[PDB]
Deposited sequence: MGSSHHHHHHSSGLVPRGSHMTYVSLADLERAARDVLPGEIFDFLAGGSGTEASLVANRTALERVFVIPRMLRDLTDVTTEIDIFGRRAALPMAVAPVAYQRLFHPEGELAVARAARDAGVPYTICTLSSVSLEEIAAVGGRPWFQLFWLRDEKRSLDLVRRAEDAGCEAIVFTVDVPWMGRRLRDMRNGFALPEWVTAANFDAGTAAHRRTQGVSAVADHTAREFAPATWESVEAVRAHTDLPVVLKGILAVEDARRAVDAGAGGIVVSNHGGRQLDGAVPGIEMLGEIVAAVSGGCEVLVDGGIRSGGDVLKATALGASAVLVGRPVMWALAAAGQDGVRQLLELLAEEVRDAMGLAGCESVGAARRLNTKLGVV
């Protein structure tokens, strides 16, 4: 595999159509899904030359731990859909690559089993109709050694996924929500979680500047600037188009991550040049899992690590902080 697109092709060959569509699809007309790619494609980096590259490092410190790359595996529900080892395959590969892995509330293997793999596990939270269930998930995660709570704030309910409707998609009987209904979360919910844990709370799905500022005021440790991979509001702006404005507005008050469409180390570099602390990567990790299980994910992470190092150095950046000081230019197509 020499690009992440080689893994998409390999996953499409192996997965059943309806599962590939569950993975690939977005809501509505898929405008926001396509826009995540378009938005990245229009950003160009202005690289710097002639800097010292004797010790290029792709490491960052985030939520109190060193990560090997400015990247984490996004929360993706029901990974046993893609490979029989599901979440444990991905978590093992992430651990070995030094990348944080986000354990999902809708994981097909229990959060305690995945946490036992080791590494840098984070935990993603959905707010539930029964509040106490959500707060119990948080305590379970913390007790199991998760290092951050990624509170998904863009899913008062699931978006209209027309591929899934047309396919009549349903989980196979062999895939379940192993940690066991959505309720709209509010700012009250955020405070309840903040009060119930000592871990950093990261709000995932922020796009408005004022919501970023309010997240900082609310005591978030981070936000993920995200339109949920185009799966929630069809017509929501891509996160990459809001990122620079949001970075400026929080002015170092919390970590600012971005997701949606990251498909190369060069895309990681674009995101950092626009001000991101780190990115999440979703679909490509699942492509690698589907294609080749744990080894597939390992190969994908190795490929991304190589592409990030290559892009950084070609742009004159010996560290991620230097990459954040790069300038960009918007171009056409």
Deposited residues absent from the coordinates (by C-alpha): 1 to 22, 203 to 224
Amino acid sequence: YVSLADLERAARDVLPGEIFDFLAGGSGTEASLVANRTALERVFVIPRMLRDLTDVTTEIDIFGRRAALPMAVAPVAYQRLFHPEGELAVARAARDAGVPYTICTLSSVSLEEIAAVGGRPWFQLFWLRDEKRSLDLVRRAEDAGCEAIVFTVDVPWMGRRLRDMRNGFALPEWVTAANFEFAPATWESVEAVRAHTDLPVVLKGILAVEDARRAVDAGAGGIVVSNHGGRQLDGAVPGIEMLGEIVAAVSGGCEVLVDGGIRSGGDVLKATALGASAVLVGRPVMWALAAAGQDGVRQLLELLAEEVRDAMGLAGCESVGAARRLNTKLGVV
From here on, numbers count along this sequence of modelled residues.
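Take the two forms, superpose them, and find the largest set of C-alpha atoms that agree within 1.5 Å; that set is the rigid core.
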Core-aligned, RMS over all structures and residues: is 122 to 130 or 204 to 212 the stretch with the greater C-alpha displacement in 7 other deposited structures of this protein? 122 to 130
Core superposition done, the stretch whose Cα atoms deviate more in 7 other deposited structures of this protein, picking from 141 to 149 and 182 to 190, is 182 to 190
Looking at the deposited entry, does 291 to 299 or 275 to 283 carry the larger mean Cα B-factor? 291 to 299
For 125 to 133 versus 79 to 87, entry-based mean Cα B-factors point to 125 to 133
Per the PDB entry, maximal CA B factor within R213, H228, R194, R263: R194
Between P184, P238, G253, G205, which carries the biggest CA temperature factor in the record? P184
Among the modelled residues of its chain, the C-alpha B-factor of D267 falls in the third labelled lowest
Against its chain's modelled residues, does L53's Cα B factor rank lowest, middle or highest third? highest
Chain-wide C-alpha B factor ranking for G219, given as lowest, middle or highest third: middle
Sort the modelled residues of this chain by their C-alpha B factor and say whether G26 lands in the lowest, middle or highest third. middle
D259: which third of its chain by C-alpha temperature factor? lowest
